[PDB]
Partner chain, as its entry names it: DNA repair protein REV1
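Just one chain follows, in the form deposited without the partner chain, and it is written as structure tokens.
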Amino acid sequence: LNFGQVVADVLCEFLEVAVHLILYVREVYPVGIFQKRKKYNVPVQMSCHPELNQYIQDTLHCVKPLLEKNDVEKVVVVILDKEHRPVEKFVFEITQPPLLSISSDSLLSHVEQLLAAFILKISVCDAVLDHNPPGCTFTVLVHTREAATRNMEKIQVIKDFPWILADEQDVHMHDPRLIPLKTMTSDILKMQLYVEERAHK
């Protein structure tokens, strides 16, 4: 039983819901595209725009083999302004511990409840973040344990959906304030989510 693939499936499905919800809560796109759905027993807002949905799906589909092999340190949702400068970053840090004492007592059920706590926190995170002007677009960054240039073949899973090394401008924020949102530990996955916010005066 390949638990690396189980962890990758669970994380890709979760990250897809989280990306949709971040875009809604931080007003990256007009509210009119979103529809309330149920994920992790929790009411989430998901885009109904087909091209946006396909971009997000394709992005996470490509990340899945890197997750399966435990080659991902963090997945980051970068919100960008009209000049493609980072406004805000949602950083999902990930480690997959030794998969050895894995519980037989409804493991995935316990994991889904820990992941639900992330979705719920994102849904109210406007209450703990600053209220700067919203961005108008975004990207997803995949930080790997090994040099990124050597995961290029592994990540390019989808025809005509190429990946590239990010520019420092896509990544760097000046002395950002780090706002922790949620942390979780489990037998198969440890993860923490925090936000990089613009620095204050």
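C-alpha atoms forming the largest set that superposes within 1.5 Å between two forms make up the rigid core. Only residues modelled in both forms are compared. Residue numbers count along the first chain shown, from 1.
In what follows, reference is made to the form solved in complex with the partner chain, a form of this protein that is not presented.
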Using a 4.5 angstroms cut-off on non-hydrogen atoms, would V42 count as touching the partner chain in the deposited complex?
no
Heavy atom within 4.5 Å of the partner chain in the deposited complex: which residues of 124-152 qualify?
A147, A148, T149, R150, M152
When the rigid core of both forms is overlaid, which of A148, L52, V171, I33 is the one whose C-alpha moves 2 angstroms or more between the shown form and the other one?
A148
Once you line up the core, how about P65: does its CA shift reach 2 Å between the shown form and the other one?
no
After a core superposition, would you say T139 shifts its C-alpha by at least 2 Å between the shown form and the other one?
no
Just to spell it out: taking the C-alpha atom of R150 and the C-alpha atom of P65, is that distance smaller or larger in the deposited complex than in the structure shown here, given it changes by 3 Å or more?
closer
Just say closer or farther for the C-alpha distance from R150 to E68 in the deposited complex, relative to the shown form; it changes by 3 Å or more.
closer
In sequence order, what are the runs of at least 3 consecutive residues whose C-alphas shift by 2 Å or more between the shown form and the other one once the core is aligned?
131-136, 148-150
